[PDB]
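Trainee: There's a structure below that I have some questions on.
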Amino acid sequence: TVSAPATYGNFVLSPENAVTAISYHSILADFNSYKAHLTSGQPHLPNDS
Amino acid sequence: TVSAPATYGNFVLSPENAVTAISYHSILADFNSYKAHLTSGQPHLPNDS
Amino acid sequence: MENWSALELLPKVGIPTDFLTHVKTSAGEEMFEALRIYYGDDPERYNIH
Amino acid sequence: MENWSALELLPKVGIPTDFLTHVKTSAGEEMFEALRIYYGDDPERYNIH
Amino acid sequence: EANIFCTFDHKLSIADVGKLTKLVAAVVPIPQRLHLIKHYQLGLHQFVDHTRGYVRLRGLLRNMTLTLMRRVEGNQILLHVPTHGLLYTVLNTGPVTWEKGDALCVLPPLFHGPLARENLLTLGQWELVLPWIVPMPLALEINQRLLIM
Amino acid sequence: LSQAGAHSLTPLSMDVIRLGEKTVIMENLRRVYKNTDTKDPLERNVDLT
Amino acid sequence: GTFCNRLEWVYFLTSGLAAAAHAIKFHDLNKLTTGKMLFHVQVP
């Protein structure tokens, strides 16, 4: 017997991604983490989006 | 006696615009105003950037 | 070319733009750089890539 | 034709790697769609326009 | 049976799908009338062959069926065969001025003069050449004039 | 030379086969030439004329 | 007088093929065109 998830891995979109989606037809997923880790200085993320 | 402004107004680049400057080669001025008045629903800004 | 969905969907600023000639004259005599007129109401704003 | 400046400047997530063949053999033999193999060091990631 | 899907071997960039999304409700002919097609028979560039005859293309494009392009969202172009009688909206790229009374007939695109020859979608061996929609007096004048030739 | 150093020690894990009261350390040298340029020198060409 | 009664239900997660899948439910794929997830590797 193995354990496997019963529900899908839901994934939501930030409104900054909505503004970039309207404007430049592009999404940088988990945009808030990219913004904070750019302006702070740490260049290595914990996880991906 | 007219009243002119003292100094040039400063247009400082918000941290929400750094990722757009680096990745997409564009700046959308006061990204926070666009996000707030887009997700809020009302499509009329009070004043421009 | 310059995407006009970023004009149509993004929230704009209300303004009393009172220019002296007719709007279709200032279009058809090319006083502006790049026009985009539609005489209907086209759904090309909605194909958000 | 891409934005490799966004690949070199944005903060990244780390991975344990395991390529199939050697990586430079995967470069010269066109395994992917878009590759940017430059030797030495290239300062092309700085002209932010 | 009403909607005809298609696909490319390439993928479609935002520049290319931005060139293509302007062509909603544009007329595109189909040589075959089947449900799923390839893009190597879509349009007319499968059949164009210079030093063979403009009149052969005039007799051949006359024989294909006609569709209207809409609802493009990624590897789906969705040609839609028009039923016999309902009101449709079309879009022309052939530069002729129109009139509310004048009817329409399809012609192969002759060269216009400026050496532009706009193809609006350029792939590795296949461009997209588009059928002209022209009013009825120019169609009758074209047919009688090349019969005079 | 044996007076020079070997002060302390650390634990680490590796594989060992028992060969007649002589235990030897099995070790693949894969990870030291994983994606590198110089050749794995345990590879060799031999000639039989 | 009868019709079909004897079927069963099957899901994507309860089948053993889901070990090759990271199932993401994302309600906006009909607007998405291409999702690129691009790497940068340096060589030792």
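So you can find residues: chains in the structure tokens are A, B, ... in the order shown, residues in each start at 1, and ligands are numbered from 1 in order.
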Let's have chain A fitted on chain B; use all the C-alpha atoms paired in order for the least-squares step and return it as an mmCIF file with N, CA and C atoms, in the first residue's frame.

Mentor:
data_model
loop_
_atom_site.group_PDB
_atom_site.id
_atom_site.type_symbol
_atom_site.label_atom_id
_atom_site.label_comp_id
_atom_site.auth_asym_id
_atom_site.auth_seq_id
_atom_site.Cartn_x
_atom_site.Cartn_y
_atom_site.Cartn_z
ATOM 1 N N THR A 1 3.493 88.723 -9.080
ATOM 2 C CA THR A 1 4.248 87.618 -8.502
ATOM 3 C C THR A 1 3.437 86.334 -8.587
ATOM 4 N N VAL A 2 4.043 85.288 -9.139
ATOM 5 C CA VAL A 2 3.401 83.989 -9.272
ATOM 6 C C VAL A 2 4.158 82.973 -8.429
ATOM 7 N N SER A 3 3.464 81.897 -8.077
ATOM 8 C CA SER A 3 4.060 80.807 -7.322
ATOM 9 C C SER A 3 4.385 79.642 -8.241
ATOM 10 N N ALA A 4 5.612 79.145 -8.120
ATOM 11 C CA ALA A 4 6.099 78.046 -8.940
ATOM 12 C C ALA A 4 6.948 77.152 -8.053
ATOM 13 N N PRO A 5 6.978 75.841 -8.302
ATOM 14 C CA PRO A 5 7.701 74.941 -7.395
ATOM 15 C C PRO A 5 9.204 75.135 -7.469
ATOM 16 N N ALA A 6 9.847 75.034 -6.309
ATOM 17 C CA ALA A 6 11.283 75.248 -6.196
ATOM 18 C C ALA A 6 12.094 74.000 -6.503
ATOM 19 N N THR A 7 11.508 72.820 -6.336
ATOM 20 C CA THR A 7 12.207 71.566 -6.556
ATOM 21 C C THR A 7 11.487 70.766 -7.629
ATOM 22 N N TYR A 8 12.217 69.832 -8.228
ATOM 23 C CA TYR A 8 11.638 68.972 -9.243
ATOM 24 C C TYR A 8 10.646 67.995 -8.623
ATOM 25 N N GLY A 9 9.749 67.502 -9.465
ATOM 26 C CA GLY A 9 8.765 66.516 -9.077
ATOM 27 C C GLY A 9 9.319 65.110 -9.095
ATOM 28 N N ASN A 10 10.024 64.722 -8.027
ATOM 29 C CA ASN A 10 10.657 63.407 -7.920
ATOM 30 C C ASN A 10 9.654 62.274 -8.118
ATOM 31 N N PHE A 11 10.138 61.149 -8.637
ATOM 32 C CA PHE A 11 9.294 60.033 -9.038
ATOM 33 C C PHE A 11 10.099 58.753 -8.883
ATOM 34 N N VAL A 12 9.606 57.847 -8.046
ATOM 35 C CA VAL A 12 10.335 56.646 -7.681
ATOM 36 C C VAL A 12 9.742 55.457 -8.419
ATOM 37 N N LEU A 13 10.508 54.372 -8.464
ATOM 38 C CA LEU A 13 10.122 53.168 -9.181
ATOM 39 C C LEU A 13 9.918 52.015 -8.205
ATOM 40 N N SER A 14 8.746 51.389 -8.275
ATOM 41 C CA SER A 14 8.442 50.246 -7.431
ATOM 42 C C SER A 14 9.263 49.032 -7.870
ATOM 43 N N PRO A 15 9.561 48.110 -6.950
ATOM 44 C CA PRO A 15 10.330 46.914 -7.338
ATOM 45 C C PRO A 15 9.607 45.975 -8.295
ATOM 46 N N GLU A 16 8.273 46.014 -8.358
ATOM 47 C CA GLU A 16 7.567 45.247 -9.380
ATOM 48 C C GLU A 16 7.896 45.770 -10.769
ATOM 49 N N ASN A 17 8.058 47.086 -10.890
ATOM 50 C CA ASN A 17 8.543 47.653 -12.137
ATOM 51 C C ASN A 17 9.979 47.241 -12.413
ATOM 52 N N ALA A 18 10.777 46.997 -11.372
ATOM 53 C CA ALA A 18 12.133 46.510 -11.596
ATOM 54 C C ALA A 18 12.124 45.088 -12.139
ATOM 55 N N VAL A 19 11.210 44.251 -11.643
ATOM 56 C CA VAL A 19 11.118 42.882 -12.143
ATOM 57 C C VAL A 19 10.609 42.863 -13.581
ATOM 58 N N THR A 20 9.609 43.694 -13.896
ATOM 59 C CA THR A 20 9.150 43.771 -15.282
ATOM 60 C C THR A 20 10.193 44.408 -16.197
ATOM 61 N N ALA A 21 11.013 45.315 -15.666
ATOM 62 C CA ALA A 21 12.053 45.957 -16.459
ATOM 63 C C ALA A 21 13.152 44.981 -16.822
ATOM 64 N N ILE A 22 13.524 44.124 -15.877
ATOM 65 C CA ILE A 22 14.470 43.062 -16.178
ATOM 66 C C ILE A 22 13.860 42.064 -17.153
ATOM 67 N N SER A 23 12.608 41.672 -16.921
ATOM 68 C CA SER A 23 12.029 40.549 -17.648
ATOM 69 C C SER A 23 11.608 40.915 -19.069
ATOM 70 N N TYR A 24 10.665 41.845 -19.221
ATOM 71 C CA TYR A 24 10.044 42.079 -20.520
ATOM 72 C C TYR A 24 10.431 43.413 -21.140
ATOM 73 N N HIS A 25 11.453 44.080 -20.597
ATOM 74 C CA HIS A 25 11.925 45.395 -21.036
ATOM 75 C C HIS A 25 10.818 46.441 -21.040
ATOM 76 N N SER A 26 9.927 46.421 -20.049
ATOM 77 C CA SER A 26 8.851 47.399 -20.029
ATOM 78 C C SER A 26 8.480 47.796 -18.608
ATOM 79 N N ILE A 27 7.921 48.998 -18.498
ATOM 80 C CA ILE A 27 7.476 49.599 -17.246
ATOM 81 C C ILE A 27 6.020 49.993 -17.422
ATOM 82 N N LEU A 28 5.175 49.573 -16.502
ATOM 83 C CA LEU A 28 3.847 50.150 -16.354
ATOM 84 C C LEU A 28 3.897 50.969 -15.076
ATOM 85 N N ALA A 29 4.100 52.276 -15.230
ATOM 86 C CA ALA A 29 4.349 53.160 -14.102
ATOM 87 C C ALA A 29 3.128 53.252 -13.198
ATOM 88 N N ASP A 30 3.401 53.383 -11.896
ATOM 89 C CA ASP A 30 2.440 53.176 -10.808
ATOM 90 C C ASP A 30 1.745 51.821 -10.955
ATOM 91 N N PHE A 31 2.570 50.771 -10.931
ATOM 92 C CA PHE A 31 2.097 49.410 -11.157
ATOM 93 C C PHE A 31 1.178 48.930 -10.042
ATOM 94 N N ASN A 32 1.393 49.409 -8.813
ATOM 95 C CA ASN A 32 0.599 48.948 -7.679
ATOM 96 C C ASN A 32 -0.837 49.436 -7.779
ATOM 97 N N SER A 33 -1.026 50.666 -8.259
ATOM 98 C CA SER A 33 -2.374 51.172 -8.472
ATOM 99 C C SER A 33 -3.088 50.411 -9.577
ATOM 100 N N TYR A 34 -2.365 50.034 -10.636
ATOM 101 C CA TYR A 34 -2.965 49.247 -11.708
ATOM 102 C C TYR A 34 -3.369 47.870 -11.213
ATOM 103 N N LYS A 35 -2.530 47.262 -10.370
ATOM 104 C CA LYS A 35 -2.831 45.952 -9.801
ATOM 105 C C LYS A 35 -4.058 46.001 -8.898
ATOM 106 N N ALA A 36 -4.091 46.963 -7.969
ATOM 107 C CA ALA A 36 -5.194 47.038 -7.018
ATOM 108 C C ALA A 36 -6.504 47.412 -7.697
ATOM 109 N N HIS A 37 -6.482 48.381 -8.615
ATOM 110 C CA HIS A 37 -7.710 48.748 -9.307
ATOM 111 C C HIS A 37 -8.129 47.739 -10.365
ATOM 112 N N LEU A 38 -7.235 46.850 -10.804
ATOM 113 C CA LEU A 38 -7.705 45.731 -11.609
ATOM 114 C C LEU A 38 -8.417 44.701 -10.749
ATOM 115 N N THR A 39 -7.764 44.224 -9.685
ATOM 116 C CA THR A 39 -8.350 43.126 -8.924
ATOM 117 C C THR A 39 -9.506 43.557 -8.030
ATOM 118 N N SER A 40 -9.665 44.854 -7.771
ATOM 119 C CA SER A 40 -10.835 45.304 -7.026
ATOM 120 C C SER A 40 -12.055 45.374 -7.932
ATOM 121 N N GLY A 41 -11.989 46.203 -8.968
ATOM 122 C CA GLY A 41 -13.090 46.312 -9.902
ATOM 123 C C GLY A 41 -13.345 47.719 -10.399
ATOM 124 N N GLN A 42 -12.831 48.710 -9.689
ATOM 125 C CA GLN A 42 -12.999 50.088 -10.128
ATOM 126 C C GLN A 42 -12.119 50.341 -11.345
ATOM 127 N N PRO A 43 -12.687 50.743 -12.480
ATOM 128 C CA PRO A 43 -11.891 50.961 -13.697
ATOM 129 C C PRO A 43 -11.441 52.395 -13.943
ATOM 130 N N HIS A 44 -11.686 53.326 -13.029
ATOM 131 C CA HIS A 44 -11.315 54.721 -13.236
ATOM 132 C C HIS A 44 -10.405 55.165 -12.099
ATOM 133 N N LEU A 45 -9.175 55.530 -12.441
ATOM 134 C CA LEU A 45 -8.164 55.900 -11.462
ATOM 135 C C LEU A 45 -8.414 57.303 -10.927
ATOM 136 N N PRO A 46 -7.905 57.606 -9.729
ATOM 137 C CA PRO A 46 -7.881 59.002 -9.274
ATOM 138 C C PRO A 46 -6.993 59.892 -10.128
ATOM 139 N N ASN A 47 -5.720 59.525 -10.254
ATOM 140 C CA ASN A 47 -4.756 60.276 -11.045
ATOM 141 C C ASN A 47 -4.054 59.300 -11.976
ATOM 142 N N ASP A 48 -3.098 59.805 -12.740
ATOM 143 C CA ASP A 48 -2.187 58.963 -13.494
ATOM 144 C C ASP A 48 -0.957 58.679 -12.641
ATOM 145 N N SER A 49 0.070 58.127 -13.283
ATOM 146 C CA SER A 49 1.318 57.861 -12.579
ATOM 147 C C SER A 49 2.112 59.143 -12.360
#

Trainee: Go ahead and align chain D to chain C (same sequence, so just pair every C-alpha in order, least squares) and export the moved chain as a compact mmCIF listing (two decimals) with N, CA and C atoms, in the first residue's frame.

Mentor:
# COMPACT_ATOMS: atom_id res chain seq x y z
N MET D 1 1.29 45.90 -34.00
CA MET D 1 2.68 46.03 -33.58
C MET D 1 2.78 46.58 -32.17
N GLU D 2 1.67 47.13 -31.67
CA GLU D 2 1.56 47.62 -30.31
C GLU D 2 0.72 46.65 -29.50
N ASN D 3 0.44 47.02 -28.25
CA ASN D 3 -0.47 46.27 -27.40
C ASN D 3 -1.67 47.17 -27.09
N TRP D 4 -2.63 47.18 -28.00
CA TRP D 4 -3.88 47.89 -27.77
C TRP D 4 -4.81 47.14 -26.83
N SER D 5 -4.56 45.84 -26.61
CA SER D 5 -5.27 45.12 -25.57
C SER D 5 -4.97 45.70 -24.20
N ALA D 6 -3.72 46.13 -23.97
CA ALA D 6 -3.39 46.82 -22.73
C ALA D 6 -4.07 48.18 -22.64
N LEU D 7 -4.39 48.80 -23.77
CA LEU D 7 -5.11 50.06 -23.73
C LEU D 7 -6.60 49.85 -23.46
N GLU D 8 -7.15 48.72 -23.88
CA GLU D 8 -8.58 48.53 -23.72
C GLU D 8 -8.95 47.81 -22.43
N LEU D 9 -8.03 47.06 -21.83
CA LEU D 9 -8.36 46.30 -20.63
C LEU D 9 -7.94 46.97 -19.32
N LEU D 10 -6.84 47.71 -19.32
CA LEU D 10 -6.30 48.29 -18.09
C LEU D 10 -7.22 49.41 -17.57
N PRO D 11 -7.22 49.67 -16.26
CA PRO D 11 -8.07 50.74 -15.74
C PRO D 11 -7.47 52.10 -16.06
N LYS D 12 -8.36 53.04 -16.37
CA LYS D 12 -7.96 54.28 -17.02
C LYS D 12 -8.31 55.46 -16.14
N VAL D 13 -7.64 56.59 -16.39
CA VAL D 13 -7.94 57.84 -15.71
C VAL D 13 -8.74 58.73 -16.66
N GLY D 14 -9.76 59.40 -16.13
CA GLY D 14 -10.64 60.19 -16.98
C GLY D 14 -10.11 61.61 -17.17
N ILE D 15 -10.50 62.22 -18.29
CA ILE D 15 -10.05 63.57 -18.62
C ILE D 15 -11.19 64.35 -19.24
N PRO D 16 -11.20 65.66 -19.03
CA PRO D 16 -11.97 66.55 -19.91
C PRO D 16 -11.20 66.76 -21.21
N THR D 17 -11.87 66.55 -22.33
CA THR D 17 -11.18 66.60 -23.60
C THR D 17 -11.46 67.91 -24.33
N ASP D 18 -10.52 68.28 -25.20
CA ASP D 18 -10.75 69.31 -26.21
C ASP D 18 -9.77 69.05 -27.35
N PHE D 19 -10.26 68.40 -28.40
CA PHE D 19 -9.45 68.18 -29.59
C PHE D 19 -9.33 69.48 -30.38
N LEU D 20 -8.34 69.52 -31.28
CA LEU D 20 -8.20 70.69 -32.14
C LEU D 20 -9.29 70.70 -33.21
N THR D 21 -9.28 69.70 -34.07
CA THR D 21 -10.32 69.48 -35.06
C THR D 21 -11.25 68.39 -34.56
N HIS D 22 -12.12 67.90 -35.44
CA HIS D 22 -12.94 66.74 -35.13
C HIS D 22 -12.06 65.51 -34.94
N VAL D 23 -12.54 64.57 -34.12
CA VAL D 23 -11.72 63.43 -33.73
C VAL D 23 -11.53 62.46 -34.90
N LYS D 24 -12.58 62.21 -35.68
CA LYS D 24 -12.44 61.33 -36.83
C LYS D 24 -11.63 61.99 -37.94
N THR D 25 -11.69 63.31 -38.03
CA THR D 25 -10.79 64.04 -38.92
C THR D 25 -9.35 63.95 -38.41
N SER D 26 -9.17 63.90 -37.10
CA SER D 26 -7.86 63.63 -36.54
C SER D 26 -7.45 62.18 -36.70
N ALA D 27 -8.39 61.31 -37.05
CA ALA D 27 -8.06 59.90 -37.28
C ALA D 27 -7.63 59.66 -38.72
N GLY D 28 -8.44 60.11 -39.67
CA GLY D 28 -8.14 59.87 -41.07
C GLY D 28 -6.97 60.66 -41.62
N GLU D 29 -6.55 61.71 -40.91
CA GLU D 29 -5.51 62.59 -41.42
C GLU D 29 -4.19 62.47 -40.66
N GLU D 30 -4.02 61.39 -39.89
CA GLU D 30 -2.71 60.90 -39.44
C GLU D 30 -1.99 61.91 -38.53
N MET D 31 -2.75 62.46 -37.58
CA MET D 31 -2.15 63.44 -36.68
C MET D 31 -1.21 62.81 -35.68
N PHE D 32 -1.45 61.56 -35.30
CA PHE D 32 -0.61 60.86 -34.35
C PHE D 32 0.21 59.79 -35.06
N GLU D 33 0.96 59.03 -34.28
CA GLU D 33 1.82 58.00 -34.84
C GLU D 33 1.11 56.67 -34.98
N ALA D 34 0.29 56.29 -34.00
CA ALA D 34 -0.34 54.98 -33.98
C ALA D 34 -1.80 55.12 -33.60
N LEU D 35 -2.69 54.64 -34.46
CA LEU D 35 -4.13 54.73 -34.25
C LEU D 35 -4.78 53.40 -34.57
N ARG D 36 -5.92 53.14 -33.93
CA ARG D 36 -6.57 51.83 -33.98
C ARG D 36 -8.08 52.02 -34.18
N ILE D 37 -8.46 52.78 -35.20
CA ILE D 37 -9.86 53.12 -35.41
C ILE D 37 -10.59 51.89 -35.93
N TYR D 38 -11.38 51.24 -35.07
CA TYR D 38 -12.30 50.22 -35.52
C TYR D 38 -13.73 50.68 -35.24
N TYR D 39 -14.60 50.47 -36.22
CA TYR D 39 -16.01 50.79 -36.04
C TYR D 39 -16.73 49.59 -35.45
N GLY D 40 -17.99 49.82 -35.07
CA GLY D 40 -18.77 48.76 -34.47
C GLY D 40 -18.25 48.42 -33.08
N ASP D 41 -17.99 47.14 -32.88
CA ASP D 41 -17.35 46.65 -31.66
C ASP D 41 -16.47 45.48 -32.03
N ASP D 42 -15.24 45.46 -31.52
CA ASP D 42 -14.29 44.42 -31.86
C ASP D 42 -13.97 43.60 -30.63
N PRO D 43 -14.10 42.28 -30.69
CA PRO D 43 -13.80 41.45 -29.51
C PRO D 43 -12.34 41.06 -29.40
N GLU D 44 -11.44 41.76 -30.08
CA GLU D 44 -10.03 41.39 -30.17
C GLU D 44 -9.27 41.54 -28.86
N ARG D 45 -9.87 42.13 -27.83
CA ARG D 45 -9.21 42.34 -26.55
C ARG D 45 -9.34 41.16 -25.60
N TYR D 46 -9.72 39.97 -26.08
CA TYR D 46 -10.03 38.88 -25.16
C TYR D 46 -9.04 37.73 -25.23
N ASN D 47 -8.42 37.50 -26.38
CA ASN D 47 -7.49 36.39 -26.53
C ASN D 47 -6.17 36.73 -25.84
N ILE D 48 -6.09 36.45 -24.55
CA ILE D 48 -4.93 36.78 -23.73
C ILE D 48 -3.91 35.67 -23.88
N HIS D 49 -2.87 35.93 -24.66
CA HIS D 49 -1.79 34.98 -24.89
C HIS D 49 -0.54 35.51 -24.22

Trainee: Have a look at CA of residue 43 in chain F and CA of residue 18 in chain F and let me know their distance in Å, one decimal.

Mentor: 25.6 Å

Trainee: Enumerate the residues of range 2-49 of chain F with a DSSP assignment of strand (DSSP E or B), computed from the backbone, and present them as an mmCIF file with N, CA, C and O atoms, in the first residue's frame.

Mentor:
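Wrote states_12.cif, looks like this:
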data_model
loop_
_atom_site.group_PDB
_atom_site.id
_atom_site.type_symbol
_atom_site.label_atom_id
_atom_site.label_comp_id
_atom_site.auth_asym_id
_atom_site.auth_seq_id
_atom_site.Cartn_x
_atom_site.Cartn_y
_atom_site.Cartn_z
ATOM 1 N N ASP F 15 31.332 2.076 0.249
ATOM 2 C CA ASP F 15 31.049 0.656 0.097
ATOM 3 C C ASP F 15 32.332 -0.163 0.144
ATOM 4 O O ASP F 15 33.384 0.267 -0.335
ATOM 5 N N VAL F 16 32.225 -1.356 0.726
ATOM 6 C CA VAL F 16 33.373 -2.186 1.075
ATOM 7 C C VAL F 16 33.021 -3.643 0.806
ATOM 8 O O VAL F 16 31.963 -4.120 1.226
ATOM 9 N N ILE F 17 33.902 -4.348 0.097
ATOM 10 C CA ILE F 17 33.773 -5.786 -0.106
ATOM 11 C C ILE F 17 34.847 -6.518 0.678
ATOM 12 O O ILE F 17 35.994 -6.075 0.774
ATOM 13 N N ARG F 18 34.458 -7.659 1.238
ATOM 14 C CA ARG F 18 35.315 -8.470 2.089
ATOM 15 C C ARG F 18 36.021 -9.503 1.224
ATOM 16 O O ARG F 18 35.372 -10.380 0.648
ATOM 17 N N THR F 23 39.768 -5.933 3.477
ATOM 18 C CA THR F 23 38.610 -5.160 3.060
ATOM 19 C C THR F 23 39.053 -3.973 2.218
ATOM 20 O O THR F 23 39.888 -3.175 2.648
ATOM 21 N N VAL F 24 38.487 -3.858 1.020
ATOM 22 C CA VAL F 24 38.853 -2.798 0.092
ATOM 23 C C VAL F 24 37.645 -1.913 -0.166
ATOM 24 O O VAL F 24 36.495 -2.345 -0.053
ATOM 25 N N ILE F 25 37.918 -0.661 -0.514
ATOM 26 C CA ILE F 25 36.880 0.346 -0.695
ATOM 27 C C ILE F 25 36.491 0.394 -2.165
ATOM 28 O O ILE F 25 37.286 0.809 -3.016
ATOM 29 N N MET F 26 35.275 -0.043 -2.470
ATOM 30 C CA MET F 26 34.731 0.133 -3.806
ATOM 31 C C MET F 26 34.363 1.593 -4.004
ATOM 32 O O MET F 26 33.771 2.219 -3.123
#

Trainee: By how many Å are CA of residue 70 in chain E and CA of residue 97 in chain E apart?

Mentor: 23.8 Å

Trainee: Select, as a list in words, those residues of chain E with any atom no more than 12 Å from chain A (distances computed using only C-alpha atoms).

Mentor: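 For chain E, the answer reads residues 13, 14, 15, 17 and 18 of chain E.
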